[PDB]
>>> print(open('model_20.csv').read())   # CSV, N, CA and C atoms
chain,number,residue,atom,x,y,z
A,133,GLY,N,0.8,-1.3,0.0
A,133,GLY,CA,0.0,0.0,0.0
A,133,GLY,C,0.8,1.3,0.0
A,134,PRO,N,0.2,2.4,0.2
A,134,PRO,CA,0.8,3.8,0.2
A,134,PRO,C,2.1,3.9,1.1
A,135,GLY,N,1.9,3.6,2.4
A,135,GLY,CA,3.1,3.7,3.3
A,135,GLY,C,4.2,2.8,2.8
A,136,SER,N,3.8,1.6,2.3
A,136,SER,CA,4.8,0.7,1.8
A,136,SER,C,5.5,1.2,0.5
A,137,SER,N,4.8,2.0,-0.2
A,137,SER,CA,5.3,2.6,-1.5
A,137,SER,C,6.2,3.8,-1.1
A,138,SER,N,5.8,4.7,-0.2
A,138,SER,CA,6.6,5.8,0.2
A,138,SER,C,7.9,5.3,0.7
A,139,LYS,N,7.8,4.1,1.4
A,139,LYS,CA,9.0,3.5,2.0
A,139,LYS,C,10.0,2.9,1.0
A,140,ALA,N,9.5,2.2,0.0
A,140,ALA,CA,10.3,1.7,-1.1
A,140,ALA,C,11.1,2.7,-1.8
A,141,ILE,N,10.4,3.8,-2.1
A,141,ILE,CA,11.0,5.0,-2.8
A,141,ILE,C,12.1,5.6,-1.9
A,142,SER,N,11.8,5.7,-0.6
A,142,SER,CA,12.7,6.3,0.3
A,142,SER,C,14.0,5.4,0.4
A,143,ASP,N,13.9,4.1,0.5
A,143,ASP,CA,15.1,3.3,0.5
A,143,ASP,C,15.9,3.4,-0.7
A,144,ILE,N,15.2,3.5,-1.9
A,144,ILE,CA,15.9,3.7,-3.2
A,144,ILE,C,16.7,5.1,-3.2
A,145,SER,N,16.0,6.1,-2.8
A,145,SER,CA,16.6,7.5,-2.8
A,145,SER,C,17.8,7.5,-2.0
A,146,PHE,N,17.8,6.8,-0.9
A,146,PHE,CA,19.0,6.6,0.0
A,146,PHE,C,20.1,5.9,-0.7
A,147,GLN,N,19.8,4.8,-1.4
A,147,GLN,CA,20.9,4.1,-2.1
A,147,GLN,C,21.3,4.9,-3.3
A,148,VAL,N,20.4,5.6,-4.0
A,148,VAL,CA,20.8,6.4,-5.2
A,148,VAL,C,21.8,7.5,-4.8
A,149,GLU,N,21.6,8.1,-3.7
A,149,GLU,CA,22.6,9.2,-3.3
A,149,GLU,C,23.9,8.6,-2.9
A,150,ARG,N,23.9,7.4,-2.5
A,150,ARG,CA,25.2,6.7,-2.1
A,150,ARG,C,25.9,6.4,-3.5
A,151,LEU,N,25.1,6.0,-4.5
A,151,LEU,CA,25.6,5.7,-5.8
A,151,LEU,C,26.1,7.0,-6.5
A,152,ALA,N,25.5,8.1,-6.3
A,152,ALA,CA,25.9,9.4,-6.8
A,152,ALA,C,27.2,9.8,-6.2
A,153,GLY,N,27.4,9.3,-4.9
A,153,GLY,CA,28.7,9.7,-4.2
A,153,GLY,C,29.8,8.9,-4.9
A,154,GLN,N,29.6,7.7,-5.3
A,154,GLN,CA,30.6,6.9,-6.0
A,154,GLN,C,30.9,7.5,-7.4
A,155,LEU,N,29.8,8.0,-8.0
A,155,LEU,CA,30.0,8.6,-9.4
A,155,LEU,C,30.8,9.9,-9.3
A,156,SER,N,30.5,10.7,-8.2
A,156,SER,CA,31.2,11.9,-8.0
A,156,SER,C,32.7,11.7,-7.8
A,157,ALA,N,33.0,10.6,-7.1
A,157,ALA,CA,34.4,10.2,-6.9
A,157,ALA,C,35.1,9.9,-8.2
A,158,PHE,N,34.4,9.1,-9.0
A,158,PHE,CA,34.9,8.7,-10.4
A,158,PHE,C,35.0,9.9,-11.2
A,159,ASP,N,34.0,10.8,-11.2
A,159,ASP,CA,34.1,12.0,-11.9
A,159,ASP,C,35.3,12.9,-11.6
A,160,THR,N,35.6,13.1,-10.3
A,160,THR,CA,36.7,13.9,-10.0
A,160,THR,C,38.0,13.2,-10.4
A,161,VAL,N,38.2,11.9,-10.1
A,161,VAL,CA,39.4,11.2,-10.5
A,161,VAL,C,39.6,11.3,-12.0
A,162,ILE,N,38.6,11.0,-12.8
A,162,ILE,CA,38.8,11.1,-14.3
A,162,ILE,C,38.9,12.5,-14.7
A,163,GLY,N,38.2,13.4,-14.1
A,163,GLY,CA,38.3,14.8,-14.4
A,163,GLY,C,39.7,15.4,-14.2
A,164,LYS,N,40.4,14.9,-13.2
A,164,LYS,CA,41.8,15.4,-12.9
A,164,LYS,C,42.9,14.6,-13.6
A,165,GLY,N,42.6,14.0,-14.7
A,165,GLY,CA,43.6,13.2,-15.4
A,165,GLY,C,43.9,11.8,-15.0
A,166,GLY,N,43.4,11.4,-13.8
A,166,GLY,CA,43.6,10.1,-13.2
A,166,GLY,C,42.8,9.1,-14.0
A,167,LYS,N,43.0,7.8,-13.7
A,167,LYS,CA,42.4,6.7,-14.3
A,167,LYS,C,41.5,5.9,-13.4
A,168,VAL,N,40.4,5.3,-13.9
A,168,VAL,CA,39.5,4.5,-13.1
A,168,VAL,C,39.3,3.2,-13.9
A,169,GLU,N,39.3,2.1,-13.2
A,169,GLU,CA,39.1,0.8,-13.8
A,169,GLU,C,37.8,0.7,-14.6
A,170,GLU,N,37.8,0.3,-15.8
A,170,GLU,CA,36.6,0.3,-16.6
A,170,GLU,C,35.5,-0.6,-16.0
A,171,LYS,N,35.9,-1.8,-15.5
A,171,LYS,CA,34.9,-2.7,-14.9
A,171,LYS,C,34.1,-2.0,-13.8
A,172,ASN,N,34.8,-1.0,-13.1
A,172,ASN,CA,34.1,-0.3,-12.0
A,172,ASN,C,33.1,0.7,-12.6
A,173,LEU,N,33.4,1.3,-13.7
A,173,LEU,CA,32.4,2.2,-14.3
A,173,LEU,C,31.2,1.4,-14.8
A,174,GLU,N,31.5,0.1,-15.2
A,174,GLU,CA,30.4,-0.8,-15.6
A,174,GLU,C,29.6,-1.3,-14.5
A,175,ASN,N,30.3,-1.7,-13.4
A,175,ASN,CA,29.6,-2.2,-12.2
A,175,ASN,C,28.7,-1.1,-11.7
A,176,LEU,N,29.1,0.1,-11.7
A,176,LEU,CA,28.3,1.2,-11.2
A,176,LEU,C,27.1,1.4,-12.2
A,177,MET,N,27.3,1.2,-13.5
A,177,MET,CA,26.2,1.3,-14.4
A,177,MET,C,25.0,0.3,-14.1
A,178,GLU,N,25.4,-0.9,-13.8
A,178,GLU,CA,24.4,-1.9,-13.5
A,178,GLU,C,23.7,-1.6,-12.1
A,179,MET,N,24.4,-1.0,-11.2
A,179,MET,CA,23.8,-0.6,-9.9
A,179,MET,C,22.7,0.5,-10.1
A,180,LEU,N,23.1,1.5,-10.9
A,180,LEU,CA,22.2,2.6,-11.2
A,180,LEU,C,20.9,2.1,-11.9
A,181,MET,N,21.1,1.2,-12.9
A,181,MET,CA,20.0,0.7,-13.7
A,181,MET,C,19.2,-0.3,-12.8
A,182,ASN,N,19.9,-1.0,-11.9
A,182,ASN,CA,19.1,-1.9,-11.0
A,182,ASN,C,18.2,-1.1,-10.1
A,183,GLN,N,18.6,0.1,-9.7
A,183,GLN,CA,17.7,0.9,-8.8
A,183,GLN,C,16.6,1.4,-9.6
A,184,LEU,N,16.9,1.7,-10.9
A,184,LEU,CA,15.9,2.2,-11.8
A,184,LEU,C,14.7,1.2,-12.1
A,185,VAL,N,15.1,-0.1,-12.2
A,185,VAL,CA,14.0,-1.1,-12.5
A,185,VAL,C,13.2,-1.2,-11.2
A,186,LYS,N,13.9,-1.3,-10.0
A,186,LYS,CA,13.3,-1.4,-8.7
A,186,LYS,C,12.3,-0.3,-8.5
A,187,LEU,N,12.7,0.9,-8.9
A,187,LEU,CA,11.9,2.1,-8.8
A,187,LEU,C,10.6,1.8,-9.6
A,188,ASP,N,10.8,1.7,-10.9
A,188,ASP,CA,9.6,1.5,-11.8
A,188,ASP,C,8.6,0.4,-11.4
A,189,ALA,N,9.2,-0.6,-10.8
A,189,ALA,CA,8.3,-1.7,-10.3
A,189,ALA,C,7.4,-1.2,-9.2
A,190,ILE,N,7.7,-0.1,-8.6
A,190,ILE,CA,6.9,0.5,-7.5
A,190,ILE,C,5.7,1.2,-8.2
A,191,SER,N,4.6,1.0,-7.6
A,191,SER,CA,3.4,1.6,-8.0
A,191,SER,C,2.9,2.6,-7.0
A,192,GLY,N,2.2,3.7,-7.4
A,192,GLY,CA,1.8,4.6,-6.4
A,192,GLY,C,1.1,5.8,-7.1
A,193,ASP,N,0.3,6.6,-6.4
A,193,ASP,CA,-0.4,7.7,-6.9
A,193,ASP,C,-0.2,8.9,-6.0
A,194,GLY,N,-0.2,10.1,-6.5
A,194,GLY,CA,0.0,11.3,-5.7
A,194,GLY,C,1.5,11.5,-5.4
A,195,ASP,N,1.8,12.2,-4.3
A,195,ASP,CA,3.2,12.5,-3.9
A,195,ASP,C,4.1,11.3,-4.1
A,196,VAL,N,3.6,10.1,-4.0
A,196,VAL,CA,4.4,8.9,-4.2
A,196,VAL,C,4.9,8.8,-5.6
A,197,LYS,N,4.2,9.3,-6.6
A,197,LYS,CA,4.7,9.3,-8.0
A,197,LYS,C,5.5,10.5,-8.3
A,198,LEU,N,5.2,11.6,-7.6
A,198,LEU,CA,5.9,12.9,-7.8
A,198,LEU,C,7.4,12.7,-7.4
A,199,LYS,N,7.5,11.9,-6.2
A,199,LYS,CA,8.8,11.6,-5.7
A,199,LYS,C,9.6,10.7,-6.6
A,200,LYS,N,9.0,9.5,-6.8
A,200,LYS,CA,9.6,8.5,-7.7
A,200,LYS,C,10.1,9.1,-9.0
A,201,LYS,N,9.2,10.0,-9.5
A,201,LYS,CA,9.5,10.8,-10.7
A,201,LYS,C,10.9,11.5,-10.7
A,202,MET,N,11.0,12.5,-9.9
A,202,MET,CA,12.2,13.3,-9.7
A,202,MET,C,13.4,12.3,-9.4
A,203,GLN,N,13.1,11.1,-8.9
A,203,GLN,CA,14.1,10.2,-8.6
A,203,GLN,C,14.6,9.4,-9.8
A,204,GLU,N,13.7,8.9,-10.6
A,204,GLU,CA,14.2,8.2,-11.8
A,204,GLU,C,14.8,9.2,-12.8
A,205,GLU,N,14.3,10.5,-12.7
A,205,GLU,CA,14.8,11.6,-13.5
A,205,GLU,C,16.2,11.9,-13.1
A,206,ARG,N,16.5,11.8,-11.8
A,206,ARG,CA,17.8,12.0,-11.2
A,206,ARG,C,18.7,10.9,-11.7
A,207,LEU,N,18.2,9.7,-11.7
A,207,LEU,CA,18.9,8.5,-12.1
A,207,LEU,C,19.2,8.5,-13.6
A,208,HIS,N,18.4,9.1,-14.4
A,208,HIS,CA,18.6,9.3,-15.8
A,208,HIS,C,19.8,10.2,-16.0
A,209,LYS,N,19.8,11.2,-15.2
A,209,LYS,CA,20.9,12.2,-15.2
A,209,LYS,C,22.3,11.5,-14.9
A,210,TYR,N,22.2,10.6,-13.9
A,210,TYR,CA,23.5,9.9,-13.5
A,210,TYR,C,24.0,8.9,-14.5
A,211,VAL,N,23.0,8.2,-15.1
A,211,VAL,CA,23.4,7.2,-16.2
A,211,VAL,C,24.0,7.9,-17.4
A,212,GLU,N,23.4,9.0,-17.7
A,212,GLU,CA,23.9,9.7,-18.9
A,212,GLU,C,25.3,10.4,-18.6
A,213,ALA,N,25.5,10.8,-17.3
A,213,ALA,CA,26.8,11.4,-17.0
A,213,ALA,C,27.8,10.3,-17.0
A,214,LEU,N,27.4,9.1,-16.5
A,214,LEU,CA,28.3,7.9,-16.5
A,214,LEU,C,28.7,7.5,-17.9
A,215,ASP,N,27.7,7.7,-18.8
A,215,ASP,CA,28.0,7.3,-20.2
A,215,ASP,C,29.1,8.2,-20.8
A,216,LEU,N,29.2,9.4,-20.3
A,216,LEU,CA,30.2,10.3,-20.8
A,216,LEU,C,31.5,10.0,-20.0
A,217,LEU,N,31.5,9.5,-18.8
A,217,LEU,CA,32.7,9.2,-18.1
A,217,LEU,C,33.3,8.0,-18.7
A,218,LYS,N,32.5,7.1,-19.2
A,218,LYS,CA,33.0,5.9,-19.9
A,218,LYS,C,33.8,6.2,-21.1
A,219,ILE,N,33.2,7.2,-21.9
A,219,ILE,CA,33.8,7.6,-23.1
A,219,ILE,C,35.1,8.4,-22.8
A,220,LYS,N,35.1,9.3,-21.9
A,220,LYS,CA,36.2,10.1,-21.4
A,220,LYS,C,37.3,9.2,-20.8
A,221,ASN,N,37.0,8.1,-20.2
A,221,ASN,CA,38.0,7.3,-19.5
A,221,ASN,C,38.6,6.3,-20.5
A,222,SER,N,37.8,5.4,-21.1
A,222,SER,CA,38.2,4.4,-22.1
A,222,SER,C,38.1,4.9,-23.5
>>> encode(input="model_20.csv", output="structure tokens")
Amino acid sequence: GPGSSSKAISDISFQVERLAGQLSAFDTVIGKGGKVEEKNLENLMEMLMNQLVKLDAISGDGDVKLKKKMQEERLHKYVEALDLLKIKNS
């Protein structure tokens, strides 16, 4: 139900910002001339996408979908940034 939905989205948001933290680290490393293992850029890609499917699987109406929305929208932004890091790195 509702509470169960607000909950699922909240857990994901929490994991998503932890994922953004790892992306930010890769971004700075690669941005400063350093190198990052390709498999790590790939492992991060699957984690972001994994959160995205988990999100979509969640159903809800009202604030519950407004939240999930900005969340998968944020995830889209991260996946696309990571696509550019992969190009810039390898």
>>> residues_around(input="model_20.csv", residues="stretch 197-205 of chain A", least_positions_apart="2", cutoff="12 Å", atoms="only C-alpha atoms", output="JSON, numbers by chain")
{"A": [134, 137, 138, 139, 140, 141, 142, 143, 144, 145, 146, 147, 148, 149, 152, 180, 181, 182, 183, 184, 185, 186, 187, 188, 189, 190, 191, 192, 193, 194, 195, 207, 208, 209, 210, 211, 212]}
>>> atom_distance(input="model_20.csv", atom1="atom C of residue A:161", atom2="atom C of residue A:174")
16.3 Å
>>> atom_distance(input="model_20.csv", atom1="atom CA of residue A:196", atom2="atom N of residue A:133")
11.6 Å
>>> atom_distance(input="model_20.csv", atom1="atom C of residue A:221", atom2="atom C of residue A:162")
8.5 Å
>>> select_by_dssp(input="model_20.csv", residues="stretch 145-211 of chain A", states="helix (DSSP H, G or I)", output="count of residues only")
56
>>> closest_residue(input="model_20.csv", among="A:169, A:222, A:214, A:206", to="residue A:155", atoms="only N, CA and C atoms")
A:214
>>> residues_around(input="model_20.csv", residues="residue A:220", least_positions_apart="4", cutoff="9 Å", atoms="only C-alpha atoms", output="list in words")
residues 162, 163, 215 and 216 of chain A
>>> build_atoms(input="model_20.csv", residues="stretch 145-167 of chain A", atoms="N, CA, C and O atoms", output="PDB file, keeping the file's coordinate frame")
ATOM      1  N   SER A 145      16.000   6.100  -2.800  1.00  0.00           N
ATOM      2  CA  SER A 145      16.600   7.500  -2.800  1.00  0.00           C
ATOM      3  C   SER A 145      17.800   7.500  -2.000  1.00  0.00           C
ATOM      4  O   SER A 145      18.824   8.108  -2.347  1.00  0.00           O
ATOM      5  N   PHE A 146      17.800   6.800  -0.900  1.00  0.00           N
ATOM      6  CA  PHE A 146      19.000   6.600   0.000  1.00  0.00           C
ATOM      7  C   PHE A 146      20.100   5.900  -0.700  1.00  0.00           C
ATOM      8  O   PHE A 146      21.265   6.358  -0.606  1.00  0.00           O
ATOM      9  N   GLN A 147      19.800   4.800  -1.400  1.00  0.00           N
ATOM     10  CA  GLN A 147      20.900   4.100  -2.100  1.00  0.00           C
ATOM     11  C   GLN A 147      21.300   4.900  -3.300  1.00  0.00           C
ATOM     12  O   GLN A 147      22.525   4.883  -3.657  1.00  0.00           O
ATOM     13  N   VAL A 148      20.400   5.600  -4.000  1.00  0.00           N
ATOM     14  CA  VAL A 148      20.800   6.400  -5.200  1.00  0.00           C
ATOM     15  C   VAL A 148      21.800   7.500  -4.800  1.00  0.00           C
ATOM     16  O   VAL A 148      22.682   7.751  -5.617  1.00  0.00           O
ATOM     17  N   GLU A 149      21.600   8.100  -3.700  1.00  0.00           N
ATOM     18  CA  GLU A 149      22.600   9.200  -3.300  1.00  0.00           C
ATOM     19  C   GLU A 149      23.900   8.600  -2.900  1.00  0.00           C
ATOM     20  O   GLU A 149      24.952   9.304  -3.033  1.00  0.00           O
ATOM     21  N   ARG A 150      23.900   7.400  -2.500  1.00  0.00           N
ATOM     22  CA  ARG A 150      25.200   6.700  -2.100  1.00  0.00           C
ATOM     23  C   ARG A 150      25.900   6.400  -3.500  1.00  0.00           C
ATOM     24  O   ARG A 150      27.061   6.467  -3.597  1.00  0.00           O
ATOM     25  N   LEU A 151      25.100   6.000  -4.500  1.00  0.00           N
ATOM     26  CA  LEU A 151      25.600   5.700  -5.800  1.00  0.00           C
ATOM     27  C   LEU A 151      26.100   7.000  -6.500  1.00  0.00           C
ATOM     28  O   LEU A 151      27.172   6.939  -7.156  1.00  0.00           O
ATOM     29  N   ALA A 152      25.500   8.100  -6.300  1.00  0.00           N
ATOM     30  CA  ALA A 152      25.900   9.400  -6.800  1.00  0.00           C
ATOM     31  C   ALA A 152      27.200   9.800  -6.200  1.00  0.00           C
ATOM     32  O   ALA A 152      27.993  10.575  -6.744  1.00  0.00           O
ATOM     33  N   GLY A 153      27.400   9.300  -4.900  1.00  0.00           N
ATOM     34  CA  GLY A 153      28.700   9.700  -4.200  1.00  0.00           C
ATOM     35  C   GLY A 153      29.800   8.900  -4.900  1.00  0.00           C
ATOM     36  O   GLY A 153      30.885   9.517  -5.069  1.00  0.00           O
ATOM     37  N   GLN A 154      29.600   7.700  -5.300  1.00  0.00           N
ATOM     38  CA  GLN A 154      30.600   6.900  -6.000  1.00  0.00           C
ATOM     39  C   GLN A 154      30.900   7.500  -7.400  1.00  0.00           C
ATOM     40  O   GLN A 154      32.033   7.594  -7.820  1.00  0.00           O
ATOM     41  N   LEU A 155      29.800   8.000  -8.000  1.00  0.00           N
ATOM     42  CA  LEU A 155      30.000   8.600  -9.400  1.00  0.00           C
ATOM     43  C   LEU A 155      30.800   9.900  -9.300  1.00  0.00           C
ATOM     44  O   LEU A 155      31.608  10.171 -10.106  1.00  0.00           O
ATOM     45  N   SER A 156      30.500  10.700  -8.200  1.00  0.00           N
ATOM     46  CA  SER A 156      31.200  11.900  -8.000  1.00  0.00           C
ATOM     47  C   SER A 156      32.700  11.700  -7.800  1.00  0.00           C
ATOM     48  O   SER A 156      33.511  12.457  -8.281  1.00  0.00           O
ATOM     49  N   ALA A 157      33.000  10.600  -7.100  1.00  0.00           N
ATOM     50  CA  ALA A 157      34.400  10.200  -6.900  1.00  0.00           C
ATOM     51  C   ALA A 157      35.100   9.900  -8.200  1.00  0.00           C
ATOM     52  O   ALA A 157      36.193  10.310  -8.504  1.00  0.00           O
ATOM     53  N   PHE A 158      34.400   9.100  -9.000  1.00  0.00           N
ATOM     54  CA  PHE A 158      34.900   8.700 -10.400  1.00  0.00           C
ATOM     55  C   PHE A 158      35.000   9.900 -11.200  1.00  0.00           C
ATOM     56  O   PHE A 158      36.006  10.087 -11.953  1.00  0.00           O
ATOM     57  N   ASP A 159      34.000  10.800 -11.200  1.00  0.00           N
ATOM     58  CA  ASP A 159      34.100  12.000 -11.900  1.00  0.00           C
ATOM     59  C   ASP A 159      35.300  12.900 -11.600  1.00  0.00           C
ATOM     60  O   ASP A 159      35.968  13.336 -12.526  1.00  0.00           O
ATOM     61  N   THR A 160      35.600  13.100 -10.300  1.00  0.00           N
ATOM     62  CA  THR A 160      36.700  13.900 -10.000  1.00  0.00           C
ATOM     63  C   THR A 160      38.000  13.200 -10.400  1.00  0.00           C
ATOM     64  O   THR A 160      38.944  13.859 -10.912  1.00  0.00           O
ATOM     65  N   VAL A 161      38.200  11.900 -10.100  1.00  0.00           N
ATOM     66  CA  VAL A 161      39.400  11.200 -10.500  1.00  0.00           C
ATOM     67  C   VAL A 161      39.600  11.300 -12.000  1.00  0.00           C
ATOM     68  O   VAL A 161      40.715  11.661 -12.443  1.00  0.00           O
ATOM     69  N   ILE A 162      38.600  11.000 -12.800  1.00  0.00           N
ATOM     70  CA  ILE A 162      38.800  11.100 -14.300  1.00  0.00           C
ATOM     71  C   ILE A 162      38.900  12.500 -14.700  1.00  0.00           C
ATOM     72  O   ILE A 162      39.677  12.789 -15.663  1.00  0.00           O
ATOM     73  N   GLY A 163      38.200  13.400 -14.100  1.00  0.00           N
ATOM     74  CA  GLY A 163      38.300  14.800 -14.400  1.00  0.00           C
ATOM     75  C   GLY A 163      39.700  15.400 -14.200  1.00  0.00           C
ATOM     76  O   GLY A 163      40.067  16.414 -14.835  1.00  0.00           O
ATOM     77  N   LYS A 164      40.400  14.900 -13.200  1.00  0.00           N
ATOM     78  CA  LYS A 164      41.800  15.400 -12.900  1.00  0.00           C
ATOM     79  C   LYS A 164      42.900  14.600 -13.600  1.00  0.00           C
ATOM     80  O   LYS A 164      44.012  14.556 -13.061  1.00  0.00           O
ATOM     81  N   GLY A 165      42.600  14.000 -14.700  1.00  0.00           N
ATOM     82  CA  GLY A 165      43.600  13.200 -15.400  1.00  0.00           C
ATOM     83  C   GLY A 165      43.900  11.800 -15.000  1.00  0.00           C
ATOM     84  O   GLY A 165      44.546  11.020 -15.646  1.00  0.00           O
ATOM     85  N   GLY A 166      43.400  11.400 -13.800  1.00  0.00           N
ATOM     86  CA  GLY A 166      43.600  10.100 -13.200  1.00  0.00           C
ATOM     87  C   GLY A 166      42.800   9.100 -14.000  1.00  0.00           C
ATOM     88  O   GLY A 166      42.105   9.369 -14.981  1.00  0.00           O
ATOM     89  N   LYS A 167      43.000   7.800 -13.700  1.00  0.00           N
ATOM     90  CA  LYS A 167      42.400   6.700 -14.300  1.00  0.00           C
ATOM     91  C   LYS A 167      41.500   5.900 -13.400  1.00  0.00           C
ATOM     92  O   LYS A 167      41.849   5.704 -12.209  1.00  0.00           O
TER      93      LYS A 167
END
